[PDB]
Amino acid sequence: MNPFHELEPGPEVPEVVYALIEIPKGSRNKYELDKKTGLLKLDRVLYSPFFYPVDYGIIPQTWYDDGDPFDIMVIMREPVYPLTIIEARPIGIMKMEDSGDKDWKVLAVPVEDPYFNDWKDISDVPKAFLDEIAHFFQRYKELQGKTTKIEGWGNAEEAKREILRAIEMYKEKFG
């Protein structure tokens, strides 16, 4: 079965979404969901010795300006395996242009890890952690010759609006 096409975007959209993880925190391999088969695929190995600072994946049944599902970053203490579904609370959004495409990314925490119970907005995240995520996306494709721009961070309300936008984009793209 196809997790991208057959799983709803979330159980309580947009307050709680499903994050389908592709890349566990700590990986240098850039795994992606193969949208046609539903299997994991190695898109590439990052060209620099950088690792994903968050569990990285997609919101099911979303689409975005770069021709892929909406990107979601989940803060997990123990990383999950690829293709794991996490119930995630959006708390903010990273504003990124990637190679000329809008490619903003939801920042979210797991609903079912009580460690994060008081993380509800972008102001709850350590500043250095936001900077480390932004810096990763600012530099990780430098050796690929691709231009990226990190514009800053939006709050949970802006993230939730963008989730609704991406959900609608999927419905327009796939009928």
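From 1 onward, residues are counted along the sequence shown.
The PDB entry records a higher mean C-alpha B factor for 142 to 150 than for its counterpart among 53 to 61 and 142 to 150. 43 to 51 and 64 to 72 differ in mean CA B-factor, and the higher of the two is recorded for 64 to 72. Annotation for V17: C-alpha temperature factor in the middle third relative to the rest of the modelled chain, per the entry. Annotation for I163: C-alpha temperature factor in the middle third relative to the rest of the modelled chain, per the entry. When all modelled residues of the chain are sorted by CA temperature factor, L33 is found within the highest third. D121: CA B factor lies in the middle third for its chain, per the PDB record.
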